[PDB]
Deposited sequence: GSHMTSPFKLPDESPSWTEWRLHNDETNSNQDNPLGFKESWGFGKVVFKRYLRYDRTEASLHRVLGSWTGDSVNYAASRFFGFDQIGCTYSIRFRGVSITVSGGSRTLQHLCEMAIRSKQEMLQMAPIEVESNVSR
């Protein structure tokens, strides 16, 4: 059981729920997918999002600079390792990548990209 950088559990819909949603509505999916990779390990999350202020606040809390650093530090070594944050929403994907030594900046760019991605008209 590795330590995840996420503070909220995964919310992936079952194949059935996904199908039901499809027949009900795309630019209106159940949510978005985001991931954090440290070296050879990747952690993923699908989170429900409905474009409301309440929902945006909730999902922006899925990870923080501190939770990412704590999870990432477990994989640090003599040499620098590759770190990456990815988020996909409505057909568009943004990936922020860099070496572990720039993790702080990586997280700053990651959270900003996340907010902009979710607040896309």
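- Residues of the deposited sequence lacking C-alpha coordinates fall in the stretches 1-2, 28-30, 127-136, numbered from 1.
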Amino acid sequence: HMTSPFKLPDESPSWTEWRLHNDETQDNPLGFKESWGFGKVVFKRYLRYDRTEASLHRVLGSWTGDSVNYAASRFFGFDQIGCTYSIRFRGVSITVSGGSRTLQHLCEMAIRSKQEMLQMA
From here on, numbers count along this sequence of modelled residues.
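- Comparing the deposited coordinates for 87-95 and 73-81, the stretch with the larger average C-alpha B-factor is 73-81.
- The mean C-alpha temperature factor is higher for 26-34 when 26-34 and 54-62 are set side by side.
- The PDB entry assigns residue 1 a C-alpha temperature factor belonging to the highest third of its chain's modelled residues.
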